[PDB]
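Numbers here simply count residues along the sequence, with the first being 1. Read the numbers this way: they start at 1 and go in the same order the structure lists the ligands and their atoms.
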Amino acid sequence: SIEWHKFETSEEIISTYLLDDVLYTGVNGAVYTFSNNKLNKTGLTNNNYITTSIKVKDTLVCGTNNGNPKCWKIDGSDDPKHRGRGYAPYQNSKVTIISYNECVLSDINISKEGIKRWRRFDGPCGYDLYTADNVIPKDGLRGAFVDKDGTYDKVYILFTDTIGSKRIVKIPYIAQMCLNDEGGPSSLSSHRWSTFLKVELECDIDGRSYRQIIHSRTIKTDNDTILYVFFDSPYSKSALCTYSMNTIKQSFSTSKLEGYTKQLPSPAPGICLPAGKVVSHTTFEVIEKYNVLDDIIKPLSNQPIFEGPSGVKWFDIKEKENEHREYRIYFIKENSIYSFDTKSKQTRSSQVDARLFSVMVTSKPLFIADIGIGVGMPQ
Ligand SMILES: *[C@@H]1O[C@H](CO)[C@@H](O)[C@H](O)[C@H]1NC(C)=O
C-alpha cells in the first residue's frame with residue numbers, strides 16, 4: 001500500500017517540482033521538501049500560494065505573497081536578487097515556469113492582468129524576450145521543456161488554443177523557439193522572439209478528436225525523444241498520445257508556413273543562428289506574420305496509446321526493470337490512481353481518500369495530495 005507522509009493538517013497543493021531528486025511541494029504559505037523518505041518544511045508568509053520552485057539548497061521558491069509576487073531561498077531567507085514579477089502569479093492560478101542552465105522561461109504575467117506571453121528572462125541565454133500579443137492562449141501553456149534540435153537548444157511549449165466564432169473550437173499545438181534567440185532585427189522588435197513557430201498536434205481515434213492538453217513530458221530513447229501528451233475531453237474520456245520529436249523537428253525544418261506561398265526566406269524561419277548573428281528583416285517579417293506550419297503532427301501508431309476517464313490531472317512514467325523500452329504509466333484523477341503497462345496494455349486502478357494533485361516518479365511513484373506525500377503504489 002501507499003506509505004503516507006502526512007502534513008499536520010490537509011494542505012492546498014499549489015505546485016510540485018523535482019530538483020536533483022528532491023520533491024518540492026508548494027502549498028498556501030509554505031514549501032515542503034521530500035527526499036530520503038523525509039518530509040521537511042519551510043514556513044513562509046501566509047496567503048501566499050507557492051507556485052514555483054526552480055534551480056538558478058540554492059533553490060528559488062516563489063509565491064503570490066498576498067498579491068505581491070516574491071521569491072525566497074529554500075531556507076526562507078529573502079532572495080538577494082529580489083525576484084518576484086514573472087516568478088509567481090498575482091493570484092492562485094496555473095503557471096508554466098522552467099529553468100535550464102540557469103535561464104528562466106515563464107508564462108507568468110509580469111504585471112497584474114497583463115497580456116499573456118511566453119517570456120525568457122534576462123540571463124545566461126540572453127536578455128529578456130516575449131511573445132507577440134495573442135501568440136499564447138489567454139489560458140497559458142500546458143507544457144514546456146528544452147531539447148536539442150541537432151546542434152542547438154530549443155524551447156518547446158505545449159498549449160491549447162481556443163478559436164472560432166459560430167463554433168468555439170480547441171486546437172492543441174507544440175511550438176518551438178531557439179533557447180539563445182537574440183530577438184528581433186530592430187530596436188522596436190529586439191525583445192521579441194525571432195524563431196517562434198507552432199504546429200498543430202493530432203490525437204484522434206474513431207471519430208473522437210482530443211484537443212485539451214492536460215500535461216506532458218518526454219522520454220529519451222536510443223535514437224529519439226518521445227513526447228507524451230495527455231488530453232482531456234468534455235465527454236467521459238481522456239487520451240494519452242505519444243509523438244516523435246524527430247518527426248516534430250523535421251516538420252519545423254521542412255514544412256511550409258500556412259498562408260505563405262513564396263519561397264521561404266534564407267536563412268529560414270525558425271532555425272537557430274550563431275551568437276552574434278541576427279535574424280534578417282525578411283525572415284522576421286515572414287515568421288511574425290506566418291508562425292504556423294502547414295502541417296499537423298500525427299501520433300505514433302496514429303491513435304492514442306490508450307484512453308482513460310476524463311478529468312485526469314497528471315501522469316508520469318517509469319521504465320520497466322527488465323523490459324527495456326517498456327514502461328509503467330501512472331496517472332491520476334482527484335480521488336483515484338491508475339497505471340498502464342505499455343507491454344501488457346493492462347490498466348489498473350484504485351480509489352483513495354486523498355485529494356491528488358500530481359504523481360512524480362523518483363525511484364518510485366510519489367503521489368502528492370492534500371494530506372501529504374504518498375510513497376509507492378496502492379491498489
Ligand atoms: C530533512 O530533515 C532531516 C533532519 O530531520 C535532515 O537530515 C535532512 O537533511 C532534511 N532534508 C532536507 C532536504 O532539508
Check against side chain to side chain donor-acceptor pair (under 3.5 Å), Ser209 and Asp204: CA-CA 4 Å; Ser209 180; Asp204 295 341; 2.7 Å; yes
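- Taking 4.0 Å as the cut-off between side-chain N and carboxylate O, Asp133 and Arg117 count as a salt-bridged pair.
- Close placement of the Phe7 and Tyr32 rings is indicated, their centers lying within 6.0 Å of each other.
- Inside a 4.0 Å radius of atom 7 (O) of ligand 1 there is not any protein heavy atom.
- By the 3.5 Å distance cut-off applied to N or O atoms, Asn40 is counted among the residues near ligand 1.
- Taking 4.0 Å as the cut-off between side-chain N and carboxylate O, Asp20 and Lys55 do not count as a salt-bridged pair.
- The protein heavy atom nearest to atom 13 (C) of ligand 1 is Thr33 OG1, 3.9 Å.
- The protein heavy-atom contact nearest to atom 5 (O) of ligand 1 is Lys38 CD, 4.3 Å.
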